[PDB]
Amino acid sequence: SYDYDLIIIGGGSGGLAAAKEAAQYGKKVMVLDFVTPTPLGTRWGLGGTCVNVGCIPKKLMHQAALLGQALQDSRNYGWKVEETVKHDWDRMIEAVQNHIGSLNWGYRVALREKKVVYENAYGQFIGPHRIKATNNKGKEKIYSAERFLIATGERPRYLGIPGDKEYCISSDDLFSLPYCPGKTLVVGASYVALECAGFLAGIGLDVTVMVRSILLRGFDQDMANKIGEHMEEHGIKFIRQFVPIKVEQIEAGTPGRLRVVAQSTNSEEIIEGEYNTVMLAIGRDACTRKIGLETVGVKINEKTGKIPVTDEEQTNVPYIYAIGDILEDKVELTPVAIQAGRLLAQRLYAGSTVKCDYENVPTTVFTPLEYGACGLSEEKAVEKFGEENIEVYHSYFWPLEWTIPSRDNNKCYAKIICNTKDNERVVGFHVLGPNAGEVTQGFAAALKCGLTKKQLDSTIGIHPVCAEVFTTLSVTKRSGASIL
């Protein structure tokens, strides 16, 4: 009957994971992926947001910046390095792009290998079980399939103000900028804004972050506020409670000069500044509006763009499933998308009954001083169980490696959130320090095991590594005792 057993719209994290898992059980699978250019014309290869314009490029630039701090730290350890080393933007972009290009290609090869058909075409539903796919030259073809999986990701959102689409860049553009950004204004104050500002400042640039309200809305504000302070102390300038209303080009160039006009969120005062680059990092929009979901009856939430699904990634229309950043009320991260994609396939074609668990998924914000978390923030814990039933254990720490260079004492921070009414179940894990991701992974598998403060107390730390701090936390926030 149908052309394919399964057609996947979108070839990023979720989509490709699902493709390969499906092909393994002998299914006839087709993957559609197309990358609509950026206002400025930026486009990229197979792989999704993470491979081309997210995790991978972000992490590598994070490292270019960390290596800069490494150069400095090397002097007090004996390395005869100059006091000021220069960084080359072009050289860096070329390296990051070579690596990205290698993954574009590897993905392509992995599909050919697993017998998955790849079509570099934009897909959209035209009627029950059928879809139109349009390539770059506009040529079209229609395909049918027993089931469909929607995995289209999202894209950088805009402000809708004069000059935005014309002179600004977003995360889609940054990772391949053909010239050094120069003085930079980054607008927004969550994951993307802070990580990007963080690495831009780390390789030597003049960076300013314009915040509308608070930093990292949704995360523990105690932790967010310390991430903010660390960035301030370390270079990045902030403009608080202001939003840009107009961006104008004082002059074109590589880079040129730009004029940004901003207004208070609680006053009528207005300000203005001059920057070489203005990056917008104010959110991302689900790519669910233009794929013909009406022609096949899939309901979304027309307010947010997200597709509500069952706890098996099934939408209202039964033969159509969705995974990834587009889901409503889930977790927007690469490994979550991969897990959903692999399990989905396993439940469809391998008789599995295991579902993806979106609870206590750990994350790490790659700011100059990394932030790792899993579970509840303190705010959300007090709320869910009651202040009277929450005990918070915390402590500053100083990475051994920092003592010789003699910097940042008592800037790193660890805290766990315990539920008194439940044998002190560790409901929240937060860490601000080097290698936060490496430190958090294992604790996340311990929260899945029901870790209790008692069990944690009885785990012996490894000396001398940062993670050990969690092994001996004794001061509570309630007790009022200092931890400085």
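Residues carry their position along the shown sequence, with the first being 1. Under this definition, the rigid core comprises the largest set of C-alpha atoms superposing within 1.5 Å between the forms.
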(message) Core-aligned, RMS over all structures and residues: is 76 to 84 or 166 to 174 the stretch with the greater C-alpha displacement in 5 other deposited structures of this protein?
(response) 76 to 84
(request) Using the B-factors recorded in the PDB entry, average over the C-alpha atoms of 362 to 370 and of 134 to 142, then report which stretch comes out higher. (result) 134 to 142
(message) Test of understanding: from the entry's C-alpha B-factors, which stretch has the higher mean, 334 to 342 or 253 to 261?
(response) 253 to 261
(request) Could you tell me which one of 108, 217, 155, 246 shows the highest CA temperature factor in the PDB record? (result) 246
(message) Among the choices 402, 349, 321, 199, identify the one whose CA B-factor in the record is greatest.
(response) 349
(request) Would you check the entry's CA temperature factor for residue 165 and let me know if it's in the chain's lowest, middle or highest third? (result) highest
(request) Compare the C-alpha B factor of residue 451 with those of the other modelled residues in its chain, then answer lowest, middle or highest third. (result) highest
(request) Among all modelled residues of this chain, ranked by Cα B factor, put residue 235 in the bottom, middle or top third, i.e. lowest, middle or highest. (result) highest
(request) Check where residue 174 lands among this chain's C-alpha B-factors and tell me if it's the lowest, middle or highest third. (result) lowest
(message) Quick check for you: using the entry's CA B-factors within this chain, is residue 280 in the lowest, middle or highest third?
(response) middle
